[PDB]
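The structure appears right after this line, and notes come after that.
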Amino acid sequence: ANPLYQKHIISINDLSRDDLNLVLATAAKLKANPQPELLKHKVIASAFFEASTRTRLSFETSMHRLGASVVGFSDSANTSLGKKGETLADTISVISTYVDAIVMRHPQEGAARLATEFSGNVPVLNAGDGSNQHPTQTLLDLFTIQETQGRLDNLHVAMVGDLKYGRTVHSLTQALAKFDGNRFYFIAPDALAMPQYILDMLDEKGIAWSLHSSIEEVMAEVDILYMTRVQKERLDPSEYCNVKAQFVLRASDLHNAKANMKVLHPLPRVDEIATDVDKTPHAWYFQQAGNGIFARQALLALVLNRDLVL
Amino acid sequence: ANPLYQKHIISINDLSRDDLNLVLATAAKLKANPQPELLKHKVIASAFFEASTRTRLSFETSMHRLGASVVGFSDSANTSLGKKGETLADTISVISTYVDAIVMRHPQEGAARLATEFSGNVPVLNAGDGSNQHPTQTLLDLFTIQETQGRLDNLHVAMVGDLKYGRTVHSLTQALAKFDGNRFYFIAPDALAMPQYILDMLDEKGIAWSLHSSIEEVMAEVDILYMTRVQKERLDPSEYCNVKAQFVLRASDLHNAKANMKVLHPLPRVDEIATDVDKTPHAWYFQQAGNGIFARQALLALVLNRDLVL
Amino acid sequence: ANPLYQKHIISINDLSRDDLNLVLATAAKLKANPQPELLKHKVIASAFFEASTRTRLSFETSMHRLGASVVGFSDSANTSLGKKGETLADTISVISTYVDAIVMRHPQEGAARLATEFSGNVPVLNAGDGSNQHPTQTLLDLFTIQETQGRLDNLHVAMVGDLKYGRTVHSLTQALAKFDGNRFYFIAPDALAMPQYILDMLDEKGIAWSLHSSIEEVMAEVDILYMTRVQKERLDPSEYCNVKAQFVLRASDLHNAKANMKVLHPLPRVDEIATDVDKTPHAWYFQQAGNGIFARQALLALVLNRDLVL
Amino acid sequence: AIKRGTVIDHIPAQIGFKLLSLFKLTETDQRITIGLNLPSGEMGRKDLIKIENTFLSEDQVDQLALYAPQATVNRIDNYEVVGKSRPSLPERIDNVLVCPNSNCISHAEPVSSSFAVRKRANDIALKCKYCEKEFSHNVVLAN
Amino acid sequence: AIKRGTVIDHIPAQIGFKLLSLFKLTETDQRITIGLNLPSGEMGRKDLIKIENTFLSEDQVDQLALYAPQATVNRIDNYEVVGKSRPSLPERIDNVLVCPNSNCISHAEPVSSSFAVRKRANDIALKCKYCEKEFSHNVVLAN
Ligand SMILES: [Zn+2]
Ligand SMILES: [Zn+2]
């Protein structure tokens, strides 16, 4: 019985390095050799209480690739919860009697955690809970990073943009800081600075990080340039100055990048990456996105199948 | 060829006791021994012209469990009918040329009936037609009631809340009154009283029923306490006084319940059941909900498969 | 200096029988012998934060018929309290440095009392404050009963409709209770019952009052039938049933009425009075309205002019 | 006992804490002493409050009339009781309470709460100076 | 000083009343004695509570390390302090506090709050079981 069998995947902070590595391993193994009837006779819930394209479509796609069926909803507008005013708990109290695992994304922080408390012996996979966590993004992020960089340790990672509300970078920083000798550069408006709780964690783990105010300051040091979108829809009123992007990456800005460096972005992008970067040999966000398929296939196989796929 | 093969399931009033029993039997048989490729090569429409969570998700889930495929829509907003103004008939005149059975819920009473007149040799399963009927809820209600009570006859059933607009209790009262010696207690605001047509039916069948104005009056007599939500979205203006619940069941109110009695609720609940009832040994609504899977699997197998599942 | 010189006119409950009579007496003098310029050189505020036809128009007409100028607004929409959220306080604080008197209607109860707290030596005339008081409606009412029954003592007075939210009947009952041996008939839906405080005061003064469920029980023995409008914009959610007029007077209902009895209504009316009443000799609502001009001239004269009129 | 201050004796059990909250009495740097559930100068159970260097106008004491009519207030100076007064029903209660009427002008605006107090049968009634509605003292909550 | 029970000494000024409200302390028939604003050689100005024939839990006594850190809880039997406990910070606190994150899921749903407690430089950090954000205990309000 593999370590991840029947485990909720709520938060990076609840996962060992061994765990991440295990997903990545299981992953590539299935990209190598598809196993298309693995989750046959499984019905999974794709429960998106807020918009998604990449996260959802990749998940449902992965479920199919492994031979499972999908029931769900793509917004809460046409559920009992939207029109009839139902609790999340009640909502998770019934669906969990229907399906074999619940993939869900919710506008409030803590929603996936809450679901586990009502979901019974049904696992929950957190597809995004407010500005909190994004375990599955991180899993693909990792995969993409190994793919292009060779290792997950001893890297110079820069994260730029909305670091306060970006669940993507919360989960990713926690993940990377479970590996050896990584070093961070944070490029954010002061209002959307990486939260104190990630920092305090870096410090306890004795991990080098520093703030900067331009991309160039760090360009030539960077292995991974991870750009992020401003979470417009998660902002507080006193932050509306920060709606527009503060750092726009252009192709001209890539003059001094180390050759190995890839630009990542969990997507979607507004303008924080101009379309003229797409063509450079540093752009790797679409490739990154496509990696969501193997990360998620992996995760699903691991959680719903007792024994490791060979 | 089983009695229910290719039959529309529009209204309890169109079904014999033999029929109900047959669903329940077929049901448990499949909960006992899943038959996962039974409806292979079947495409079913999940056509929800108004919101659902339990009814829809359970149906599509059941379809998958039996190996069928599902096409559909979860609201009418993005069909031709919403944006282009199309009749239900026309809508049912095309889909019925696509799929092998139509599961549909509609805001207007009589919609499922109307669909049969345009659906051709394609069966329609009514998932809720306005404040009218809810055959499939009733099927699970029955199942749950047998599960927990041992029989379907000689019961003291109390129904509480919006009895006028609750399709749930319309179908359920008609169903139960096809069995021997059941007795009813109706607890409703005068404005949402159980309609005269159900009463006249009880009387012709010589079935004992009485009104009350509190739960306690009947608590100690009751085997099944069936709570219902006020159909806010089906009310008429002269009824807006009745939007809030009139009877709130709490755990303290369960002091004098017979030991066998279960609290049911088709769900979702607003406040007519406080969350502190969840923990008692009388709460059985989530269990009830989970029973939707076996009732609906049954119904589908029966209607789309000639010969009974062994 | 007459007893009302420079006095706030906020609640009937703060006025004496002599106060009322003073106003009526004055009213006559001015109606018989106008005084086009009695208030020359005066500028008055017409501040209406909620909608008004009769009360605002009659009032401004009074100001012109006495030679004063008007400034104001018929809608709190275009003020700095409407588009810039100024406190009603600040609003009064500045307006009271501009004008010699303020006439205000406001949606909150108590708005007028509060203004007196911020206007200094500038008097405030309540033109209706939410569901509380409507002093100058009581004065034209009183003038109208006076002119049609030739007295204010020993009358049989019925009040119909929404008495709970009816600022019109709150002031008029308190004023009639200041005279002798008037008897009251309150006819209204339970939810819109004439308020406890009004009843306690009647009781305290040992005045006969009684409830009734229809207009025909009292019709034979009433002198003034005073219909009102359901105050829909002031209703609570739990009251939304009552929106529709529950008592509808129509000409045939007046068959055994007294030769002298008049039907009154503050107006506007929804359906509570059928238009066939309009031509009967009992209809007096329009005359009533026209009387507002006199009561309001009167009131304005006394408050703004030191010496009693002739 | 204390040197100089006010002493509220003969408060019926379970009211002591209420009066301590409702009138924000512990909101002071002044030395206070409190006993909950004591045997009485009179009755069986009793609450008691002493506050140094602090005095109550006859009006402040009357305010007590709605929560502890039997209470006795002793004015203390030099360890001696120089004064002894008793709560009688007041005309009004300003500041302390909030009007239950949600549509009252008193909520949004910068004014203090204020009600008239009268005895009404086996109960006290409060009429808001502003909206003029009436409530039972039981329903009208404190700030 | 009393027959038997609990004395909580060295509570800081303005906290005493709070704890009364908080732990529904005043809701007994027991004798309670409370001094607010007592002089205190030890600290500076201090509050102090005594409940007779009544004792504190263990966590309740640690769920006290939040507001009254350097407080001392004396267990008293027959007029003699037979025990002297101190509040040490717990691992977590449940049910009692409320997450300052307005978008935390905890607000809407049938769930008790819950926070993780770790000592920081100047304060005490509280991490919510749900939204996973961390706050100063000063920031966190109670319910
Ligand atoms: Zn008020
Ligand atoms: Zn939280």
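Chain labels follow the order of the structure tokens: the first chain is A, the next B, and so on; residue numbering restarts at 1 in every chain, and ligands are counted from 1 in their shown order.
Neighbouring residues of residue 20 (chain D) at 9 Å or closer, counting only C-alpha atoms and skipping chain neighbours under 5 positions away, are residues 15, 25, 26 and 49 of chain D; 17 of chain E.
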Would you mind aligning chain B to chain A, a least-squares fit over all C-alpha atoms taken in order, and returning the superposed chain as a short mmCIF file (atom, residue, chain, number, x, y, z; two decimals) with C-alpha atoms, in the first residue's frame?
```cif
data_model
loop_
_atom_site.label_atom_id
_atom_site.label_comp_id
_atom_site.auth_asym_id
_atom_site.auth_seq_id
_atom_site.Cartn_x
_atom_site.Cartn_y
_atom_site.Cartn_z
CA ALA B 1 0.00 0.00 0.00
CA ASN B 2 1.81 3.09 -1.28
CA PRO B 3 2.31 5.99 1.13
CA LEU B 4 -0.18 8.20 -0.72
CA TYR B 5 -3.05 5.70 -1.06
CA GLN B 6 -6.28 7.32 0.17
CA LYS B 7 -4.55 10.49 1.35
CA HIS B 8 -6.14 13.91 1.11
CA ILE B 9 -3.96 16.29 -0.87
CA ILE B 10 -4.78 19.56 0.79
CA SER B 11 -1.54 21.34 1.38
CA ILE B 12 2.12 21.04 0.45
CA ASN B 13 2.91 21.67 4.10
CA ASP B 14 1.45 18.21 4.76
CA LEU B 15 3.80 16.37 2.39
CA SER B 16 7.31 14.98 2.69
CA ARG B 17 10.08 15.30 0.13
CA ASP B 18 9.68 11.54 -0.29
CA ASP B 19 6.08 12.14 -1.24
CA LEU B 20 6.76 14.73 -3.91
CA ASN B 21 9.58 12.63 -5.39
CA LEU B 22 7.15 9.70 -5.45
CA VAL B 23 4.60 11.61 -7.50
CA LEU B 24 7.25 12.76 -9.99
CA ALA B 25 8.56 9.20 -10.29
CA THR B 26 5.13 7.64 -10.69
CA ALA B 27 4.45 10.42 -13.17
CA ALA B 28 7.20 10.00 -15.77
CA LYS B 29 6.68 6.25 -15.48
CA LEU B 30 3.14 6.71 -16.90
CA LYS B 31 4.23 9.26 -19.50
CA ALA B 32 6.68 6.53 -20.48
CA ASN B 33 4.07 3.76 -20.39
CA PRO B 34 0.42 4.84 -20.30
CA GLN B 35 -1.84 2.66 -18.15
CA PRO B 36 -5.28 3.47 -19.58
CA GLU B 37 -7.59 1.16 -17.61
CA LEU B 38 -5.98 1.79 -14.22
CA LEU B 39 -8.84 3.69 -12.63
CA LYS B 40 -11.55 1.74 -14.46
CA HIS B 41 -14.78 1.64 -12.45
CA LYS B 42 -13.85 4.84 -10.66
CA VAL B 43 -16.08 7.89 -10.60
CA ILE B 44 -14.37 11.12 -9.62
CA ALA B 45 -15.97 14.45 -8.78
CA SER B 46 -14.69 17.50 -10.56
CA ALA B 47 -16.18 20.08 -8.26
CA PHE B 48 -15.16 23.58 -9.30
CA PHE B 49 -16.86 26.25 -7.22
CA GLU B 50 -14.70 28.79 -9.06
CA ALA B 51 -13.40 29.20 -12.61
CA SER B 52 -10.60 27.05 -14.01
CA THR B 53 -9.36 26.04 -17.43
CA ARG B 54 -5.94 24.47 -17.03
CA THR B 55 -6.47 22.98 -13.59
CA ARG B 56 -9.88 21.53 -14.36
CA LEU B 57 -9.40 20.43 -17.99
CA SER B 58 -6.07 18.79 -17.18
CA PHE B 59 -7.60 16.93 -14.21
CA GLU B 60 -10.67 15.60 -16.06
CA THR B 61 -8.41 14.74 -18.96
CA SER B 62 -6.08 12.80 -16.72
CA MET B 63 -9.01 10.98 -15.15
CA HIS B 64 -10.05 9.84 -18.61
CA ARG B 65 -6.54 8.83 -19.60
CA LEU B 66 -6.59 6.44 -16.66
CA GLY B 67 -10.07 5.20 -17.59
CA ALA B 68 -12.18 6.82 -14.88
CA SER B 69 -15.51 8.62 -15.22
CA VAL B 70 -16.18 12.23 -14.24
CA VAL B 71 -19.21 13.93 -12.73
CA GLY B 72 -19.05 17.53 -11.61
CA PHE B 73 -19.85 21.20 -12.04
CA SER B 74 -17.80 24.07 -13.47
CA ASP B 75 -19.34 26.80 -11.34
CA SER B 76 -21.58 26.95 -8.26
CA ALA B 77 -24.28 28.96 -10.06
CA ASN B 78 -26.42 25.90 -10.89
CA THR B 79 -26.01 23.81 -7.75
CA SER B 80 -28.18 23.84 -4.61
CA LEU B 81 -25.37 25.80 -2.95
CA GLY B 82 -25.70 28.80 -5.28
CA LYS B 83 -29.48 28.96 -5.75
CA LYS B 84 -30.67 27.28 -2.54
CA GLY B 85 -27.92 28.42 -0.11
CA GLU B 86 -26.31 25.17 1.03
CA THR B 87 -23.25 24.72 3.26
CA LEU B 88 -20.04 23.30 1.83
CA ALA B 89 -20.22 20.61 4.45
CA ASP B 90 -23.67 19.46 3.43
CA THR B 91 -22.52 19.66 -0.17
CA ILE B 92 -19.49 17.51 0.64
CA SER B 93 -21.66 15.29 2.88
CA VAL B 94 -23.66 14.06 -0.15
CA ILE B 95 -21.23 14.02 -3.09
CA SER B 96 -18.82 11.99 -0.95
CA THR B 97 -21.45 9.25 -0.85
CA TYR B 98 -21.45 9.28 -4.68
CA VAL B 99 -17.85 9.31 -5.89
CA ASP B 100 -14.49 7.74 -5.16
CA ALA B 101 -12.49 10.94 -4.77
CA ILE B 102 -13.27 14.63 -4.80
CA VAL B 103 -11.22 17.11 -6.79
CA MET B 104 -12.38 20.60 -5.75
CA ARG B 105 -11.44 24.26 -5.99
CA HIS B 106 -13.17 26.89 -3.86
CA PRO B 107 -13.04 30.70 -3.44
CA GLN B 108 -12.38 30.52 0.33
CA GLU B 109 -9.11 29.55 2.01
CA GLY B 110 -9.47 26.29 3.94
CA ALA B 111 -12.26 24.82 1.86
CA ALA B 112 -10.47 21.64 0.83
CA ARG B 113 -9.42 21.03 4.42
CA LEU B 114 -13.04 21.47 5.55
CA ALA B 115 -14.24 18.97 2.93
CA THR B 116 -12.04 16.20 4.38
CA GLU B 117 -13.89 16.53 7.67
CA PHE B 118 -17.16 15.65 5.93
CA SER B 119 -15.88 13.54 3.04
CA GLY B 120 -15.55 10.33 5.02
CA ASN B 121 -13.31 7.65 3.51
CA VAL B 122 -13.29 9.60 0.27
CA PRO B 123 -10.03 11.46 -0.50
CA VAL B 124 -10.09 15.13 -1.40
CA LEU B 125 -7.64 16.65 -3.85
CA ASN B 126 -7.31 20.40 -3.44
CA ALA B 127 -7.43 22.12 -6.83
CA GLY B 128 -7.10 25.54 -5.24
CA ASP B 129 -8.49 26.97 -2.02
CA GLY B 130 -8.66 30.76 -2.15
CA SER B 131 -5.25 32.40 -1.95
CA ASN B 132 -3.94 29.48 0.11
CA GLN B 133 -2.61 26.34 -1.55
CA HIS B 134 -2.33 24.66 -4.91
CA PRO B 135 -0.69 21.26 -4.30
CA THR B 136 -1.25 19.98 -7.83
CA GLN B 137 0.20 23.07 -9.51
CA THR B 138 3.28 22.57 -7.38
CA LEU B 139 3.51 18.92 -8.40
CA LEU B 140 3.62 19.91 -12.06
CA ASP B 141 5.85 22.89 -11.33
CA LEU B 142 8.29 20.45 -9.74
CA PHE B 143 8.03 18.03 -12.65
CA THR B 144 8.62 20.85 -15.12
CA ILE B 145 11.61 21.99 -13.06
CA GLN B 146 13.19 18.57 -12.96
CA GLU B 147 12.43 18.15 -16.69
CA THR B 148 14.28 21.31 -17.67
CA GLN B 149 16.87 21.67 -14.91
CA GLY B 150 17.95 18.16 -14.04
CA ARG B 151 17.50 18.44 -10.31
CA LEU B 152 15.19 19.93 -7.69
CA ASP B 153 18.03 20.99 -5.39
CA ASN B 154 20.57 23.81 -5.52
CA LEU B 155 18.58 26.15 -7.72
CA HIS B 156 18.26 29.90 -8.01
CA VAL B 157 14.51 30.44 -8.23
CA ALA B 158 12.98 33.87 -8.74
CA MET B 159 9.25 34.42 -8.13
CA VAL B 160 7.68 37.64 -9.41
CA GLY B 161 4.30 39.32 -9.07
CA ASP B 162 1.45 38.84 -6.63
CA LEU B 163 3.15 36.75 -3.94
CA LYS B 164 0.58 37.43 -1.20
CA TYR B 165 -2.49 35.98 -2.92
CA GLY B 166 -0.78 33.56 -5.34
CA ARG B 167 -1.51 30.08 -4.00
CA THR B 168 0.81 28.84 -6.71
CA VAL B 169 3.99 30.24 -5.10
CA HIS B 170 2.93 29.42 -1.54
CA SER B 171 2.81 25.72 -2.35
CA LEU B 172 5.90 25.87 -4.59
CA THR B 173 8.13 27.64 -2.06
CA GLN B 174 7.14 25.14 0.62
CA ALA B 175 7.86 22.29 -1.80
CA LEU B 176 11.26 23.53 -2.97
CA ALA B 177 12.35 24.36 0.57
CA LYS B 178 12.04 20.63 1.34
CA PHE B 179 15.01 20.07 -0.99
CA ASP B 180 18.69 21.00 -0.48
CA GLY B 181 20.28 24.39 -1.00
CA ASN B 182 17.71 26.25 -3.07
CA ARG B 183 17.82 30.05 -3.02
CA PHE B 184 14.97 32.48 -3.65
CA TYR B 185 14.50 35.94 -5.11
CA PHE B 186 11.13 37.58 -4.50
CA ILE B 187 10.00 40.34 -6.83
CA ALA B 188 6.68 41.76 -5.67
CA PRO B 189 4.96 45.05 -4.91
CA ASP B 190 5.20 45.70 -1.17
CA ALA B 191 1.42 45.27 -0.93
CA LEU B 192 1.57 41.75 -2.39
CA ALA B 193 4.82 40.63 -0.74
CA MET B 194 5.38 36.98 -0.03
CA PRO B 195 3.61 36.43 3.33
CA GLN B 196 5.52 36.27 6.63
CA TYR B 197 4.58 32.63 7.14
CA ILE B 198 6.56 31.40 4.12
CA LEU B 199 9.49 33.58 5.14
CA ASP B 200 9.53 32.34 8.76
CA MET B 201 9.61 28.84 7.28
CA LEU B 202 12.54 29.58 4.98
CA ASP B 203 14.40 30.99 8.00
CA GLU B 204 13.80 28.06 10.31
CA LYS B 205 15.03 25.78 7.51
CA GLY B 206 18.04 28.10 7.10
CA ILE B 207 17.28 28.89 3.47
CA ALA B 208 18.70 31.90 1.63
CA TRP B 209 16.18 34.41 0.29
CA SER B 210 16.19 38.10 -0.56
CA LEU B 211 13.88 40.77 -1.92
CA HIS B 212 14.59 42.78 -5.05
CA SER B 213 12.68 45.39 -7.02
CA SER B 214 13.57 44.62 -10.61
CA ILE B 215 14.03 41.46 -12.62
CA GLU B 216 17.43 42.46 -13.95
CA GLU B 217 18.99 42.61 -10.46
CA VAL B 218 18.73 38.84 -10.43
CA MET B 219 18.33 37.88 -14.08
CA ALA B 220 21.85 36.53 -14.53
CA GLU B 221 21.66 34.50 -11.32
CA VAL B 222 18.41 32.72 -12.13
CA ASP B 223 17.70 29.13 -13.16
CA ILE B 224 13.90 29.42 -12.97
CA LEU B 225 11.99 32.65 -13.52
CA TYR B 226 8.47 31.93 -12.17
CA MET B 227 6.07 34.75 -13.18
CA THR B 228 2.62 35.15 -11.62
CA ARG B 229 -0.67 36.90 -12.37
CA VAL B 230 -2.16 39.48 -10.00
CA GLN B 231 -5.15 37.92 -8.24
CA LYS B 232 -7.50 40.77 -9.12
CA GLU B 233 -10.48 38.77 -7.85
CA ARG B 234 -8.89 38.15 -4.44
CA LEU B 235 -7.74 41.68 -3.70
CA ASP B 236 -8.94 43.89 -0.90
CA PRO B 237 -10.17 47.45 -1.72
CA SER B 238 -7.01 49.06 -0.29
CA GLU B 239 -5.04 47.18 -2.95
CA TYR B 240 -6.75 48.21 -6.19
CA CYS B 241 -3.63 50.22 -7.09
CA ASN B 242 -2.02 46.84 -7.66
CA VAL B 243 -4.49 45.50 -10.24
CA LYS B 244 -2.23 46.19 -13.23
CA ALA B 245 1.01 44.15 -13.48
CA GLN B 246 4.13 45.67 -11.93
CA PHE B 247 6.75 43.63 -13.75
CA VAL B 248 6.41 42.96 -17.48
CA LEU B 249 8.86 40.39 -18.86
CA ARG B 250 9.83 41.05 -22.48
CA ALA B 251 12.14 39.19 -24.84
CA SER B 252 14.64 42.05 -24.69
CA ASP B 253 14.91 41.45 -20.94
CA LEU B 254 16.34 37.99 -21.66
CA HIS B 255 19.70 39.24 -22.91
CA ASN B 256 21.65 38.07 -19.84
CA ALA B 257 19.77 34.93 -18.79
CA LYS B 258 21.89 31.89 -18.08
CA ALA B 259 21.43 29.43 -20.90
CA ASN B 260 19.67 26.85 -18.73
CA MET B 261 17.05 29.21 -17.37
CA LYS B 262 13.40 28.64 -18.18
CA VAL B 263 10.56 31.09 -17.69
CA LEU B 264 7.59 29.44 -15.96
CA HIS B 265 4.09 30.74 -15.31
CA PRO B 266 1.19 28.80 -13.78
CA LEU B 267 -1.08 30.77 -16.13
CA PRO B 268 -3.18 32.42 -17.23
CA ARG B 269 -1.05 35.46 -17.90
CA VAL B 270 -2.37 38.94 -18.33
CA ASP B 271 0.59 41.02 -19.47
CA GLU B 272 3.27 40.03 -17.00
CA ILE B 273 4.72 38.10 -19.97
CA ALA B 274 4.50 39.80 -23.37
CA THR B 275 3.71 37.46 -26.25
CA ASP B 276 7.12 38.06 -27.78
CA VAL B 277 8.68 35.84 -25.12
CA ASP B 278 6.76 32.82 -26.46
CA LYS B 279 9.30 32.25 -29.25
CA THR B 280 12.48 32.38 -27.19
CA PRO B 281 14.20 29.21 -26.00
CA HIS B 282 13.46 30.32 -22.43
CA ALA B 283 9.66 30.23 -22.60
CA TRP B 284 8.39 26.99 -21.04
CA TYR B 285 4.90 27.81 -19.64
CA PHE B 286 2.82 25.98 -22.26
CA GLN B 287 5.21 23.00 -21.93
CA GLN B 288 4.79 23.50 -18.19
CA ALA B 289 1.02 23.40 -18.57
CA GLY B 290 1.11 20.20 -20.62
CA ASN B 291 3.02 18.69 -17.70
CA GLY B 292 -0.13 19.07 -15.60
CA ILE B 293 -1.37 15.93 -17.31
CA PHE B 294 1.42 13.69 -16.01
CA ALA B 295 1.54 15.20 -12.53
CA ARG B 296 -2.19 14.72 -12.10
CA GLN B 297 -2.37 11.27 -13.69
CA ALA B 298 0.35 10.32 -11.21
CA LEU B 299 -1.43 11.80 -8.20
CA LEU B 300 -4.68 10.04 -9.08
CA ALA B 301 -3.02 6.68 -9.68
CA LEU B 302 -1.16 6.99 -6.38
CA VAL B 303 -4.16 7.97 -4.27
CA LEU B 304 -6.73 5.52 -5.72
CA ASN B 305 -4.51 2.52 -6.52
CA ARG B 306 -2.97 0.55 -3.63
CA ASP B 307 0.15 -0.71 -5.36
CA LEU B 308 2.67 1.36 -7.26
CA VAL B 309 2.48 1.34 -11.03
CA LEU B 310 5.55 -0.43 -12.41
#
```
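Note on identical chains: chain D superimposed on chain E gives 1.7 Å, C-alpha RMSD over every paired atom.
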If you count only C-alpha atoms and all ligand atoms, which residues end up within 7 Å of ligand 1, as a PyMOL selection string?
(chain C and resi 110) or (chain D and resi 99-101+104-106+128-133)
Could you save those same residues with N, CA, C and O atoms as a tab-separated table (two decimals), in the first residue's frame?
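Contents of the output file out.tsv:
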```tsv
chain	number	residue	atom	x	y	z
C	110	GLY	N	-36.92	59.07	13.37
C	110	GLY	CA	-36.13	59.83	14.31
C	110	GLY	C	-35.26	60.85	13.63
C	110	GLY	O	-34.54	61.59	14.28
D	99	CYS	N	-30.83	51.14	20.44
D	99	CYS	CA	-32.21	50.95	20.02
D	99	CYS	C	-32.40	49.73	19.09
D	99	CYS	O	-31.74	49.62	18.04
D	100	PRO	N	-33.29	48.81	19.47
D	100	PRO	CA	-33.58	47.56	18.75
D	100	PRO	C	-34.08	47.80	17.34
D	100	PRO	O	-33.86	46.95	16.47
D	101	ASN	N	-34.77	48.93	17.12
D	101	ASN	CA	-35.25	49.31	15.79
D	101	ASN	C	-34.12	49.56	14.79
D	101	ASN	O	-33.39	50.54	14.90
D	104	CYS	N	-33.74	52.98	12.94
D	104	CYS	CA	-33.61	54.16	13.77
D	104	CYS	C	-32.48	55.05	13.26
D	104	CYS	O	-31.41	54.58	12.89
D	105	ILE	N	-32.73	56.35	13.24
D	105	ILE	CA	-31.72	57.31	12.84
D	105	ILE	C	-30.51	57.28	13.77
D	105	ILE	O	-29.48	57.87	13.47
D	106	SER	N	-30.64	56.61	14.91
D	106	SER	CA	-29.60	56.63	15.93
D	106	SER	C	-28.36	55.80	15.55
D	106	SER	O	-27.29	55.98	16.12
D	128	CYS	N	-37.38	55.12	22.79
D	128	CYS	CA	-36.24	55.81	22.17
D	128	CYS	C	-36.59	57.25	21.87
D	128	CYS	O	-37.60	57.53	21.24
D	129	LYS	N	-35.75	58.15	22.35
D	129	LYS	CA	-35.89	59.58	22.10
D	129	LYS	C	-36.04	59.89	20.62
D	129	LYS	O	-36.75	60.83	20.23
D	130	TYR	N	-35.41	59.07	19.78
D	130	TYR	CA	-35.40	59.30	18.34
D	130	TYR	C	-36.61	58.71	17.60
D	130	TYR	O	-37.52	59.44	17.21
D	131	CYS	N	-36.63	57.39	17.43
D	131	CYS	CA	-37.69	56.75	16.65
D	131	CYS	C	-39.05	56.66	17.35
D	131	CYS	O	-40.07	56.38	16.71
D	132	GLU	N	-39.04	56.85	18.66
D	132	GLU	CA	-40.27	56.92	19.47
D	132	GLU	C	-40.99	55.57	19.66
D	132	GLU	O	-42.05	55.51	20.27
D	133	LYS	N	-40.41	54.50	19.15
D	133	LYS	CA	-40.93	53.17	19.39
D	133	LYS	C	-40.81	52.83	20.87
D	133	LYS	O	-40.19	53.56	21.64
```
Test item, strand (DSSP E or B) assignment across chain D, answer as JSON, numbers by chain:
{"D": [5, 6, 7, 8, 9, 10, 11, 32, 33, 34, 35, 36, 37, 38, 46, 47, 48, 49, 50, 51, 52, 72, 73, 74, 75, 76, 77, 80, 81, 82, 83, 84, 85, 92, 93, 94, 97, 104, 114, 115, 116, 117, 118, 119, 124, 125, 126, 127, 128, 134, 135, 136, 142]}
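Between CA of residue 54 (chain D) and CA of residue 4 (chain D) there is a distance of 7.7 Å.
The two atoms in question, CA of residue 75 (chain D) and CA of residue 31 (chain D), are spaced 15.5 Å apart.
For the pair CA of residue 1 (chain D) and CA of residue 8 (chain E), the interatomic distance is 21.4 Å.
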Where does DSSP see alpha helix (DSSP H) in region 102-283 of chain C, if you list the residues as number ranges by chain?
C: 111-116, 135-149, 167-176, 196-204
Which polymer residues have any atom within 7 Å of an atom of residue 35 (chain E), counting only C-alpha atoms, with same-chain residues fewer than 2 positions away left out, as a PDB file with C-alpha atoms, in the first residue's frame?
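Here's the written file part_24.pdb:
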```
ATOM      1  CA  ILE D  32     -11.568  48.037  42.403  1.00  0.00           C
ATOM      2  CA  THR D  33     -12.642  45.133  44.611  1.00  0.00           C
ATOM      3  CA  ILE D  34     -15.419  42.681  43.840  1.00  0.00           C
TER       4      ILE D  34
ATOM      5  CA  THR E  33     -13.339  37.543  44.985  1.00  0.00           C
ATOM      6  CA  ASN E  37      -5.849  47.410  39.747  1.00  0.00           C
ATOM      7  CA  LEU E  38      -4.116  46.176  42.896  1.00  0.00           C
ATOM      8  CA  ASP E  47      -5.430  41.990  38.668  1.00  0.00           C
ATOM      9  CA  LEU E  48      -6.320  38.996  40.841  1.00  0.00           C
ATOM     10  CA  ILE E  49      -9.087  36.372  41.032  1.00  0.00           C
TER      11      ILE E  49
END
```
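For chain E, the residues within 12 Å of chain B are residues 109, 110 and 111 of chain E, with only C-alpha atoms used to measure distance.
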